[PDB]
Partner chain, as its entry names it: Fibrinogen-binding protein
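Given next, in structure tokens, is a single chain: the form deposited without the partner chain.
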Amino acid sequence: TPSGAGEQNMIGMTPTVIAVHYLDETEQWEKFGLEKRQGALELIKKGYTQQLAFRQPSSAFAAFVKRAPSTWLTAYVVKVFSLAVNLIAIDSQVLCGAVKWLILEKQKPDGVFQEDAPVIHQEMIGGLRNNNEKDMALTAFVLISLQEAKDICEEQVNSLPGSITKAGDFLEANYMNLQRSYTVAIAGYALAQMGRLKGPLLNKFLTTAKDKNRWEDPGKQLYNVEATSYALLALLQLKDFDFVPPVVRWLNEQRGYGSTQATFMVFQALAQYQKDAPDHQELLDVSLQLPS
């Protein structure tokens, strides 16, 4: 066990939250063992409660009490807690306080989100660990988390929709210059979610894929799994079910250290694919993520 628990606890929360989500969304609890749901819910509660000890007076999070808070970690907390809101009781002040800190403290005038205190455990951030296009990649990552929180917090936090819009403008204004498939996939999901992916941008998003079935860049393949998952989420937003089956097959065929993001994103994307797509293909195994 590595030491900075504000981060490590989130690494450990991740498998359970996304497994439960997957099984809820695809309604596959009967097959897996419906008896095991209550136990998983309590494990999620215990992750959430443990994370609270790393919540700073500012409502931001960091690996330790006296480390500066991380923008990335605070946004990953918002995303994970948001998937759990109807799984356990998540205090809105915790979730929407973290959202407000992002908006008030870490967003730059042109919409960019900035990281002033990177996470210690860089393996937990997946393909963000790249240094080109970090403004776009991170801004997309944070905006995706803001999108998840919009309906819980729009009331508690009035500045949220405009900060959302301002992040989208920045993504839209720079999307065409992008070179890396990872950024194209992650920013493309972020834009698609807001319906703001179209014209040359949509074309660029779709034509960036290889073999009409993956988004990839030279490097750790775990980053391409995570990229393609975003891409699959962007396609589901677009309702482009024609483009989807080869993507799903390539992802399904890709069944560790540094796999928090791959795991989170594959299970999210494949859950939504089965939830949304008419006569979807038969799909992988959740007990790895959720043992007993």
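Residue numbers count along the first chain shown, from 1. Rigid core: the largest C-alpha set superposing within 1.5 Å between the two forms.
| query | Hey, after superposing on the core, which one moves around more in 8 other deposited structures of this protein, 25 to 33 or 54 to 62, CA-wise? | reply | Between 25 to 33 and 54 to 62, the one lying farther away in 8 other deposited structures of this protein is 25 to 33.
| RMS CA shift, core-fitted in 8 other deposited structures of this protein, bigger for 122 to 130 or for 78 to 86 | When 122 to 130 and 78 to 86 are compared in 8 other deposited structures of this protein, 78 to 86 lies farther out.
| Unmodelled stretch of the deposited sequence separating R255 from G256, binned as none, 1 to 3, 4 to 9 or 10 or more | The entry has 4 to 9 unmodelled residues between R255 and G256.
| task | Can you count, per the entry, how many deposited residues between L283 and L284 come without coordinates? Answer none, 1 to 3, 4 to 9, or 10 or more. | result | Missing residues, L283 to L284: 1 to 3.
| query | Out of 6 to 14 and 272 to 280, which one has CA B-factors that are higher on average in the deposited record? | reply | Comparing 6 to 14 with 272 to 280, the higher average CA B-factor belongs to 272 to 280.
| said: Quick check: 125 to 133 versus 97 to 105, which has the larger average CA B-factor in the record? | reply: Result: 125 to 133.
| query | Which one of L52, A62, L34, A262 shows the top CA temperature factor in the record? | reply | Highest C-alpha B-factor among the listed residues goes to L34.
| field | Identity of residue with top Cα B-factor, from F241, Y48, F267, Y230 | value | If I rank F241, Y48, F267, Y230 by C-alpha B-factor, first place goes to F241.
| Ranked against its chain, the third holding the CA B-factor of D110 | Its C-alpha B-factor, which the entry lists for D110, ranks in the middle third among residues of this chain.
| query | Among the modelled residues of its chain, does the C-alpha B-factor of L235 lie in the lowest, middle or highest third? | reply | According to the entry, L235 has a C-alpha B-factor in the chain's middle third.
| said: Quick check for you: using the entry's CA B-factors within this chain, is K166 in the lowest, middle or highest third? | reply: It falls in the middle third of the chain.
| task | Grab the CA temperature factor for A68 from the record and place it in the lowest, middle or highest third of its chain. | result | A68: CA B-factor falls in the lowest third of its chain.
| C-alpha B factor of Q38, ranked within the chain: lowest, middle or highest third? | Answer is highest: the recorded C-alpha B-factor places it there.
Keep in mind the form solved in complex with the partner chain is missing from the figure; the text below concerns it.
| Out of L191, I125, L87, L138, which one falls within 4.5 Å of the partner chain in the deposited bound form, going by heavy atoms? | Selected residue: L87.
| request: Report yes if any heavy atom of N130 sits within 4.5 Å of a heavy atom of the partner chain in the deposited bound form; otherwise report no. | output: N130: no, not in contact with the partner chain in the deposited bound form.
| Does the partner chain come within 4.5 Å of any heavy atom of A209 in the deposited bound form? | No - in the deposited bound form, heavy atoms of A209 and the partner chain never come within 4.5 Å of each other.
| Does any heavy atom of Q221 come within 4.5 Å of a heavy atom of the partner chain in the deposited bound form? | No, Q221 is distant from the partner.
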